[PDB]
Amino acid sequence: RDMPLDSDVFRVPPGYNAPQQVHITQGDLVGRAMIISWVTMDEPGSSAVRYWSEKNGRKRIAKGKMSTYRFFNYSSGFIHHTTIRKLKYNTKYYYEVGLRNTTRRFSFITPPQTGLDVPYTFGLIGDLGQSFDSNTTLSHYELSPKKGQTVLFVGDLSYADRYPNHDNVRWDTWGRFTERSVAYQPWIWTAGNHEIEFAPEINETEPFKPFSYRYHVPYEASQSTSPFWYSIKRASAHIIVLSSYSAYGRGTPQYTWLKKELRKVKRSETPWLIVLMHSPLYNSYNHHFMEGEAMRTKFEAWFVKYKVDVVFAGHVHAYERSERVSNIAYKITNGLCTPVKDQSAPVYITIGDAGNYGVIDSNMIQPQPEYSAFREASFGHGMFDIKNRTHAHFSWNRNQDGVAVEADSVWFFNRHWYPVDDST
């Protein structure tokens, strides 16, 4: 089901050393920066990025860094990463890449300054891959009636690791394919199990190697010491990104960072507290059932204590929306091991149904558990539309439907500013 190499979506842009696989993401904590990334295949080229606003058309230049890597018998092209800083809020900018030779121009609109009642619409995509279904999902995100301004990617990008020797060529195709979206609006990356790429058989033992080279994140901005876990603030949301396949035992770097980070969250500045992770803590599907238990025992109580609004995960190739529940009262022998309704707990949503390599997870645990509000084995994507400090409307759009149809939609009542029961 994977799209052939000659497909139009994997078309290489014309012109000598023409920049390709162009993508961007927030480059600082508050939204005044952006990391611009792209690859050149003919030669190193320049890492300089020329930019300017639509209004204050003063053209400026930012220098970046170039790098390369090798996997098996695969050798990458020239990967460029450049950060544009001190940008003005809510203003459109134009940026050009490939100044040395063939130049290409794109644009993006910085988010508005963070604040209590700042509206913003987040796209939710997980386990995209590069199958025909992946193309449909992405198209639906773009043609969505509601204008998505940033994508929160829950993990599992290209699925190159399914090819022989993980044929990283499939990483480059994925970059050209998603360019039509990521180059114009930021995607906040989460690391999934397909990015680990631990392959001892072929002497490739550095976890997340290809992914980490191709996709950078502003982790130092939140005092994290690893790109696999970090935080950013955008508009009225505080987004926390975690790594399911990194150490999370007590005292470990990720564990320690998260504990301190939850303490720095200010619901007065960013009322919507969102958490991303690849593997779902709540999942009633057969596939990967209970794989989220470990991390759950570790962080669930914290999510409840700090009343996180939502937790988005992927991994399971389907869709699921839980009720607000918790299972934090277990003590080995007290028998309290059943999830109970907890209005202080976040809703857990799994949206790893963007397409992957074309397979869907339909085998579900039966009967549907009480903690599971809604579930369905269809390809699709989601949208978290923040209206204000009290309301956020989440909707799920299926690939079999019209780009404007919402097979499932719910209103989120902020755990901090609107303590009302938003159950369905």
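So that there is no doubt, residue numbering starts at 1 and follows the sequence shown.
Trainee: Averaging only over Cα atoms, indicate whether 291 to 299 or 336 to 344 has the higher B-factor in the PDB entry.
Mentor: Result of the comparison: 336 to 344.
Trainee: Read off the CA B-factors in the entry, average them over 140 to 148 and over 214 to 222, and name the higher stretch.
Mentor: According to the entry, 140 to 148 carries the higher average C-alpha B-factor.
Trainee: Among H381, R70, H391, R58, where is the Cα B factor highest in this entry?
Mentor: Of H381, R70, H391, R58, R58 has the highest C-alpha B-factor.
Trainee: Pick out which of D309, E261, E195, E269 has the highest C-alpha B-factor in the PDB entry.
Mentor: That would be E269.
Trainee: Considering every modelled residue of the chain and its Cα B-factor in the PDB entry, is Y245 in the lowest, middle or highest third?
Mentor: As the PDB entry reports it, the C-alpha B-factor of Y245 lands in the lowest third of its chain.
Trainee: Ranking every modelled residue in this chain by its Cα temperature factor as given in the entry, which third contains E376?
Mentor: As the PDB entry reports it, the C-alpha B-factor of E376 lands in the middle third of its chain.
Trainee: Where does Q21 sit by CA temperature factor within its chain: lowest, middle or highest third?
Mentor: CA B-factor rank for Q21: middle third.
Trainee: Select lowest, middle or highest to describe the third in which the CA B-factor of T83 falls within its chain in this entry.
Mentor: Its C-alpha B-factor belongs to the highest third of this chain's values.
Trainee: Quick check on the deposited entry: does the C-alpha B-factor of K92 sit in the lowest, middle or highest third of its chain?
Mentor: Its C-alpha B-factor, which the entry lists for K92, ranks in the highest third among residues of this chain.
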